[PDB]
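Undergrad: Encoded as structure tokens, here's the structure I'll be asking about.
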Amino acid sequence: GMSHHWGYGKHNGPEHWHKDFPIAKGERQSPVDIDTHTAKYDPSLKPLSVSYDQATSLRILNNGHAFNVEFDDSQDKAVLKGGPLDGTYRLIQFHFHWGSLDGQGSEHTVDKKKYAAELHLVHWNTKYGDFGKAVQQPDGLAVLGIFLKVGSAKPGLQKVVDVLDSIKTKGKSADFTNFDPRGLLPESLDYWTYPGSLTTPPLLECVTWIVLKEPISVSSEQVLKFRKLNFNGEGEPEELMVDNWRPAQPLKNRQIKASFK
Ligand SMILES: Nc1ccc(C(=O)c2ccc(-c3ccc(S(N)(=O)=O)cc3)cc2)cc1
Ligand SMILES: [Zn+2]
């Protein structure tokens, strides 16, 4: 991706992506608007299983598009299974998408409602051996999406907020061990699920999306720190990292299933 030039600006944003990534106009693109009245309860869906007890984080990186909290996925730890999934998916990283204002920022929307941000916990299907091979498969990844609204602070998110000062610009990373992703989960695991794609280039259609119905609350101060990050690298004109979200895409030939009635 040494020659990629996509971003979220007026000349390289989502509406431009299809030129270098034609799959952008594909049959199973993400995100999508979740029409709560049309999503059908599927009694066959099994309970979701999120086992993060042994998760081991290693580093946090500003990649110029968002910041990723990376995990050591060399061993069978931090796994997502159950729900609509067959097999076991291993946690590799999580990141967020957010807005310049509290009124926008999420990628998925609920009955057209936009949340202030959206957390993505990315997992890859162990049957494919590694992350790189998994993204080349239709059932290669499982991304758990969690909406963020502004209200009370999320204690579990503060460690992340405080380390952002050290990775302000593109390319910067910092040691980030012992971060517990369980602190970012809402109480309920009720969810909607549908087949989709990565929401940023290469936009590969390799994701089983599992979006939780219950948002988590974060404080205004916490999301304000997210907005102080930079898309640019050190020594370059400052472009605040805000509105790094892709808008809802056509649902086309797909059905969104609900795990609850
Ligand atoms: N064959 C490949 C190997 C690695 C890669 C990547 O480096 C890569 C980059 C970004 C992503 C990615 C992951 C999650 C999301 S999201 N926002 O839908 O959760 C977006 C992009 C996936 C793979 C792509 C193709
Ligand atoms: Zn994402």
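What follows is calculated from the coordinates using simple rules that are stated; it is not laboratory data. Cβ: placed from backbone, ideal geometry, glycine included. Neighbour counts: every protein chain shown.
Undergrad: If we count every other residue with Cβ under 12 angstrom of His95's Cβ, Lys/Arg +1 and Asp/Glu -1, where does the sum land?
TA: Net of charged neighbours comes to -3.
Undergrad: Another question, if that's okay. Peptides 216-222, 61-67: what's the order by average Cβ count within 10 Å, highest mean first?
TA: 61-67, 216-222
Undergrad: Still on this structure: In whole Hz, with x marking every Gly and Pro, tabulate ³J(HN,Hα) for the stretch 237-247 from phi via Karplus 6.51 cos²θ - 1.76 cosθ + 1.60, θ = phi - 60°.
TA: Taking θ as phi minus 60°, the curve returns x, 6, 10, 5, 7, 9, 6, 8, 10, 9, x Hz for the stretch 237-247.
Undergrad: What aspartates and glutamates sit close enough to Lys19 to cross-link, taking a C-alpha to C-alpha distance under 20 Å and skipping anything fewer than 8 places away on the same chain?
TA: List returned: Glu27, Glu205.
Undergrad: Between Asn232 and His4, with labels modelled 7 Å along Cα→Cβ, what's the label distance in nm to one decimal, could you check?
TA: Distance between the two pseudo-spin positions: 2.1 nm.
Undergrad: Test of the criteria: in the stretch 37-111, which trypsin sites (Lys or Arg not before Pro) are in a DSSP loop and have at most 16 other Cβ atoms within 10 angstrom of their Cβ?
TA: Answer in residue order: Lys77.
Undergrad: Related question: Quick one: which residues, 5 or more positions from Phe179 or on another chain, have an amide H under 5 Å from its amide H? H modelled 1.01 Å from N in the peptide plane, none for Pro or chain starts.
TA: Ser57
Undergrad: Add -39500 (n - 2.57) for each DSSP H run of 4 or more in the chain, then divide by its residues: what number comes out at 222 nm, to the nearest 500 deg cm²/dmol?
TA: Mean residue ellipticity, 222 nm, calculated: -1500 deg cm²/dmol.
Undergrad: On full extension of the chain, what length is gained from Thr126 through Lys77, given 0.36 nm per residue of separation minus the C-alpha to C-alpha distance?
TA: Stretched fully, the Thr126-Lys77 segment lengthens by 16.5 nm.
Undergrad: To continue, here is another question. Do any trypsin sites (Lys or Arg not before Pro) in the stretch 224-254 lie in a loop, going by DSSP, with at most 11 other beta-carbon atoms within 10 Å of their beta carbon, and if so which? Could the numbers behind the result be given before it?
TA: Numbers: sites: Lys225, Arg227, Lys228, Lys252, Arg254; in loops: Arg227, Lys228, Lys252, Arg254.
Those that pass, being in a loop and sparsely packed, are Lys252.
Undergrad: Can I ask one more? How far apart, in nm, are the 7 Å Cα→Cβ label points at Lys19 and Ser166?
TA: 3.9 nm
Undergrad: Taking the number of other C-beta atoms within 10 Å as the exposure measure, put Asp175, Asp243, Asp130 in order starting with the fewest.
TA: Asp175, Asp130, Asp243
Undergrad: Over the stretch 152-233, what is the relative contact order in percent, taking alpha-carbon pairs closer than 8 angstrom and at least six residues apart?
TA: Relative contact order for the stretch 152-233 comes out at 41 percent.
Undergrad: Quick one: which residues, 5+ away or cross-chain, put their amide H under 5 Å from the amide H of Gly233? H built at 1.01 Å from N.
TA: Amide H neighbours of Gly233: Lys170.
Undergrad: Still on this structure, I have one more. Given a Förster distance of 30 Å, report the FRET efficiency between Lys46 and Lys133 from their Cβ-Cβ distance, rounded to the nearest 0.05.
TA: The formula returns an efficiency of 0.70 here.
Undergrad: Assuming a ≥ b ≥ c are the square roots of the Cα gyration tensor eigenvalues, decide whether the chain counts as rounded (a/c under 1.5), prolate (otherwise, with a/b larger than b/c) or oblate.
TA: Rounded shape, in that the Cα axes give a/c under 1.5.
Undergrad: Can you work out the PRE-style zone for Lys261? Point 7 Å along Cα to Cβ, and I want the residues of the stretch 171-206 with backbone N under 19 Å.
TA: Answer for the stretch 171-206: 189-193.
Undergrad: Please list, in order along the stretch 150-156, the HN-Hα scalar couplings obtained from phi with the Karplus expression 6.51 cos²θ - 1.76 cosθ + 1.60 (θ = phi - 60°), rounded to whole Hz, x for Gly and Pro.
TA: 8, x, 6, 6, 9, x, x
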